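Chemist: One structure follows; several queries about it will come next.
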Amino acid sequence: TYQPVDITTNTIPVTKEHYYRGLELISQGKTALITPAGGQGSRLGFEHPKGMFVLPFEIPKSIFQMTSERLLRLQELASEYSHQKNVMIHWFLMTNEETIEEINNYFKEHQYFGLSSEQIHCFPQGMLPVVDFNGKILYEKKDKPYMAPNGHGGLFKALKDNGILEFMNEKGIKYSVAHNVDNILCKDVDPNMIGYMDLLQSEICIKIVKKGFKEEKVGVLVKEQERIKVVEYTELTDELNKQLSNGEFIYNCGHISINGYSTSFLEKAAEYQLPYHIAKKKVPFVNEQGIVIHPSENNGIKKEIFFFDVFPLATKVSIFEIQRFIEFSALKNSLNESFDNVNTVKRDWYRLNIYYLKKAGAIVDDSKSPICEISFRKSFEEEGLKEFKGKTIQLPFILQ
């Protein structure tokens with residue numbers, strides 16, 4: 001039956017040796033980033049791909065612009081370490097036939113936020129028609145079905161079919177970090193994580209948060225016949241919710257969708273047949289007397305495949321613990337909910353930036369204001385802030 005999973009970083013610590021090996025691999029052109037453009041930002045006020053959403057900071061920037069600036073800073077750190085003149089991180093962005101032209105135009109007319117046109121690569125995944133309960137296609141108009149992407153599990157076949165695995169081998173790319181578009185604090189191609197997976201020779205490196213309470217809406221890792229799997233929150237049991245006498249959960253590895261993969265593993269994954277799941281949706285339709293109905297409950301069925309069902313294919317897997325305060329704050333809802341919104345993201349980013357200033361030797365006075373904005377182009381962790389050692393800073397503070 002199911003057995004518990006050990007957190008690798010509890011007994012094999014992340015060290016400075018790992019960080020510098022990561023910078024070396026980035027400098028040699030051996031790394032890449034993989035992300036989705038996102039579904040439509042409709043939960044927000046935004047009828048466009050989620051990456052285009054402008055965060056209302058004191059200096060406003062889109063999600064796509066944040067990611068561009070972090071890649072520029074990572075390239076710079078690797079270049080300063082190795083003394084190598086041109087350092088490049090290639091970025092593969094998964095989209096579909098309906099949205100690919102709009103995303104390409106968005107990057108071109110912003111002159112790629114300072115990246116090169118040679119390093120940005122948009123590619124499409126498969127789509128399927130949405131159906132009703134006799135399995136019959138739901139239509140938008142005559143000869144025009146409603147369509148949906150095949151699920152995030154469609155990543156692996158899409159990389160093969162679009163020639164991206166061939167391109168990785170040509171360029172010498174060995175390790176890729178894949179993550180979701182909603183987490184504003186994500187470290188992207190994290191040198192700490194690249195160095196850790198290389199020295200342990202992992203196929204997959206999975207980032208986790210320690211589970212906080214029984215009803216937390218997060219999936220958890222389990223072991224079955226020596227292979228790793230995810231159990232989704234909706235399928236948890238009394239057995240899988242058991243606690244030790246000290247209050248800690250036996251099954252405490254919360255999966256948060258920041259995962260590293262070797263190129264050889266991606267080649268295996270592309271050939272693997274993933275299991276189908278049912279996901280539901282609200283879809284407008286014409287009723288018995290010709291009226292268009294906008295339903296109050298879900299009425300459409302989307303047939304999907306899930307990327308995490310690939311985990312049990314691997315034989316070499318490492319588990320990397322992160323702190324929520326450092327690398328987890330998601331944007332999911334409008335301000336008509338009190339969680340995962342623009343205000344909760346702001347509060348979390350400001351508190352992290354104060355912490356980094358203090359770690360660099362500064363004294364911070366927050367008595368009048370909470371504002372502390374540090375550009376992703378200027379510092380990755382605290383390393384860009386050395387000029388403030390022994391200095392007294394009174395918020396608001398803005399560094400661009």
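Numbering starts fresh at 1 for the residues of each chain in the structure tokens, the chains themselves are lettered A, B, ... in the order given, and ligands are numbered from 1 as they appear.
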Would you kindly return, as a PyMOL selection string, each protein, DNA or RNA residue with an atom no farther than 10 Å from any atom of residue A:63, considering only C-alpha atoms and excluding same-chain residues fewer than 3 positions away?

Modeler: chain A and resi 37+50-55+66-68+181-184

Chemist: Taking 4 positions as the minimum chain separation for residues in the same chain, which residues sit within 10 Å of residue A:349 when counting only C-alpha atoms? Answer as a list in words.

Modeler: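 Listing them by chain and then by number gives residues 184, 185, 325, 326, 327, 328, 329, 344, 345, 353, 354, 371, 372, 373 and 374 of chain A.
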
Chemist: Write a file of the just-selected residues containing N, CA and C atoms, as a PDB file, in the first residue's frame.

Modeler:
ATOM      1  N   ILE A 184       4.028  34.714  -8.136  1.00  0.00           N
ATOM      2  CA  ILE A 184       4.809  35.931  -8.409  1.00  0.00           C
ATOM      3  C   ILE A 184       6.258  35.863  -7.835  1.00  0.00           C
ATOM      4  N   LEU A 185       6.431  35.125  -6.744  1.00  0.00           N
ATOM      5  CA  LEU A 185       7.759  35.008  -6.094  1.00  0.00           C
ATOM      6  C   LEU A 185       8.685  33.913  -6.645  1.00  0.00           C
ATOM      7  N   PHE A 325       7.547  31.961   2.868  1.00  0.00           N
ATOM      8  CA  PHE A 325       7.884  33.397   2.968  1.00  0.00           C
ATOM      9  C   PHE A 325       8.847  33.845   1.837  1.00  0.00           C
ATOM     10  N   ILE A 326       9.644  32.895   1.347  1.00  0.00           N
ATOM     11  CA  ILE A 326      10.650  33.150   0.312  1.00  0.00           C
ATOM     12  C   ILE A 326      10.108  32.924  -1.131  1.00  0.00           C
ATOM     13  N   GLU A 327       9.363  31.837  -1.358  1.00  0.00           N
ATOM     14  CA  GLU A 327       9.028  31.439  -2.764  1.00  0.00           C
ATOM     15  C   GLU A 327       7.576  30.960  -3.011  1.00  0.00           C
ATOM     16  N   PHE A 328       6.595  31.429  -2.218  1.00  0.00           N
ATOM     17  CA  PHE A 328       5.160  31.122  -2.540  1.00  0.00           C
ATOM     18  C   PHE A 328       4.133  32.234  -2.209  1.00  0.00           C
ATOM     19  N   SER A 329       3.681  32.981  -3.224  1.00  0.00           N
ATOM     20  CA  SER A 329       2.513  33.901  -3.075  1.00  0.00           C
ATOM     21  C   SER A 329       1.771  33.987  -4.415  1.00  0.00           C
ATOM     22  N   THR A 344      -2.655  40.714  -1.273  1.00  0.00           N
ATOM     23  CA  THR A 344      -1.906  39.670  -0.543  1.00  0.00           C
ATOM     24  C   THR A 344      -0.521  39.449  -1.170  1.00  0.00           C
ATOM     25  N   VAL A 345      -0.465  39.528  -2.506  1.00  0.00           N
ATOM     26  CA  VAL A 345       0.817  39.469  -3.245  1.00  0.00           C
ATOM     27  C   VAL A 345       1.737  40.647  -2.874  1.00  0.00           C
ATOM     28  N   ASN A 353      11.370  41.766   0.744  1.00  0.00           N
ATOM     29  CA  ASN A 353      12.376  42.767   0.388  1.00  0.00           C
ATOM     30  C   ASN A 353      13.022  43.426   1.636  1.00  0.00           C
ATOM     31  N   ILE A 354      12.218  43.633   2.674  1.00  0.00           N
ATOM     32  CA  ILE A 354      12.727  44.100   3.992  1.00  0.00           C
ATOM     33  C   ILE A 354      13.713  43.095   4.624  1.00  0.00           C
ATOM     34  N   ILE A 371       5.948  50.235   2.222  1.00  0.00           N
ATOM     35  CA  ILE A 371       6.424  50.076   0.818  1.00  0.00           C
ATOM     36  C   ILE A 371       7.939  49.823   0.691  1.00  0.00           C
ATOM     37  N   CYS A 372       8.305  48.687   0.082  1.00  0.00           N
ATOM     38  CA  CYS A 372       9.708  48.354  -0.202  1.00  0.00           C
ATOM     39  C   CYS A 372       9.732  47.571  -1.527  1.00  0.00           C
ATOM     40  N   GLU A 373      10.037  48.257  -2.633  1.00  0.00           N
ATOM     41  CA  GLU A 373      10.048  47.662  -3.991  1.00  0.00           C
ATOM     42  C   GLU A 373      11.461  47.598  -4.563  1.00  0.00           C
ATOM     43  N   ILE A 374      11.929  46.372  -4.801  1.00  0.00           N
ATOM     44  CA  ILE A 374      13.268  46.111  -5.329  1.00  0.00           C
ATOM     45  C   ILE A 374      13.150  45.379  -6.674  1.00  0.00           C
TER      46      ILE A 374
END

Chemist: Could you go through stretch 198-340 of chain A and tell me which residues DSSP, when run on the backbone, assigns to strand (DSSP E or B), listing them as a VMD selection string?

Modeler: chain A and resid 204 to 210 220 to 224 227 to 231 243 249 253 to 262 277 to 281 285 to 286 292 to 293 300 to 304 317 to 321 330

Chemist: Do a neighbour search on residue A:26 at 9 Å with only C-alpha atoms, toss out local chain neighbours closer than 2 positions, and write the hits as number ranges by chain.

Modeler: A: 21-24, 28-32, 74-75, 78-79, 87-89, 189, 191, 194

Chemist: Give me the residues within 8 Å of stretch 265-280 of chain A as a list in words, counting only C-alpha atoms and dropping any in the same chain fewer than 4 places off.

Modeler: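 Near stretch 265-280 of chain A, the qualifying residues are residues 153, 156, 157, 159, 160, 165, 203, 204, 261, 298, 299, 300, 301, 302, 303, 304, 305, 306, 309, 310, 313 and 314 of chain A.
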
Chemist: Choose the residue, out of A:392, A:343, A:201, A:225, that has the smallest atom-to-atom separation from residue A:361; count only C-alpha atoms.

Modeler: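 Using only C-alpha atoms, residue A:361 sits closest to A:392.
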
Chemist: Measuring between only C-alpha atoms, which one of A:394, A:176, A:3, A:119 shows the shortest distance to residue A:250?

Modeler: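 Ranked by minimum distance to residue A:250, first place goes to A:3.
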
Chemist: Would you work out the distance separating atom CA of residue A:319 from atom CA of residue A:253, expressed in Å to one decimal?

Modeler: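 Interatomic distance, atom CA of residue A:319 to atom CA of residue A:253: 8.6 Å.
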
Chemist: Which residues are close to residue A:400, i.e. within 12 Å by only C-alpha atoms, leaving aside same-chain residues fewer than 5 positions away? Reply as a ChimeraX atom specification.

Modeler: /A:58-61,69,372-379,384

Chemist: Leaving out residue A:15 and any residue of its chain fewer than 4 positions from it, which residues lie within 9 Å of it when counting only C-alpha atoms, given as a VMD selection string?

Modeler: chain A and resid 19 192 196

Chemist: Hey, can you spit out that residue selection with N, CA, C and O atoms as a PDB file, in the first residue's frame?

Modeler:
ATOM      1  N   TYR A  19      24.956  26.206  -5.042  1.00  0.00           N
ATOM      2  CA  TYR A  19      24.684  27.513  -5.692  1.00  0.00           C
ATOM      3  C   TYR A  19      25.704  27.825  -6.809  1.00  0.00           C
ATOM      4  O   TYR A  19      25.325  28.175  -7.934  1.00  0.00           O
ATOM      5  N   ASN A 192      20.551  27.370  -6.967  1.00  0.00           N
ATOM      6  CA  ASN A 192      20.552  26.406  -5.823  1.00  0.00           C
ATOM      7  C   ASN A 192      19.979  25.041  -6.236  1.00  0.00           C
ATOM      8  O   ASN A 192      20.545  23.966  -5.904  1.00  0.00           O
ATOM      9  N   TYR A 196      21.896  21.331  -7.009  1.00  0.00           N
ATOM     10  CA  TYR A 196      21.403  20.185  -6.198  1.00  0.00           C
ATOM     11  C   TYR A 196      21.042  18.970  -7.095  1.00  0.00           C
ATOM     12  O   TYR A 196      21.500  17.830  -6.846  1.00  0.00           O
TER      13      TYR A 196
END

Chemist: Quick one: everything within 12 Å of residue A:235, counting only C-alpha atoms, minus sequence neighbours fewer than 5 positions away in the same chain. Send it as number ranges by chain.

Modeler: A: 217-220, 230, 240-241

Chemist: Report the residues of stretch 27-273 of chain A whose backbone DSSP state falls under alpha helix (DSSP H), written as a PyMOL selection string.

Modeler: chain A and resi 27+63-82+100-109+155-161+164-171+191-199+263-269

Chemist: To one decimal place, how far is atom CA of residue A:123 from atom CA of residue A:95 in Å?

Modeler: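 Between these atoms lies a distance of 5.8 Å.
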
Chemist: What gap, in Å, lies between atom CA of residue A:44 and atom CA of residue A:234?

Modeler: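 If I compute the distance from atom CA of residue A:44 to atom CA of residue A:234, I get 25.3 Å.
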
Chemist: Which residue is closest to residue A:167? Choose from A:359, A:116, A:263, A:39 and count only C-alpha atoms.

Modeler: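 Smallest separation from residue A:167 among the options: A:263.
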
Chemist: May I ask which of the residues A:158, A:293, A:131, A:205 is the closest one to residue A:9, counting only C-alpha atoms?

Modeler: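 For residue A:9, the nearest of the given residues is A:205.
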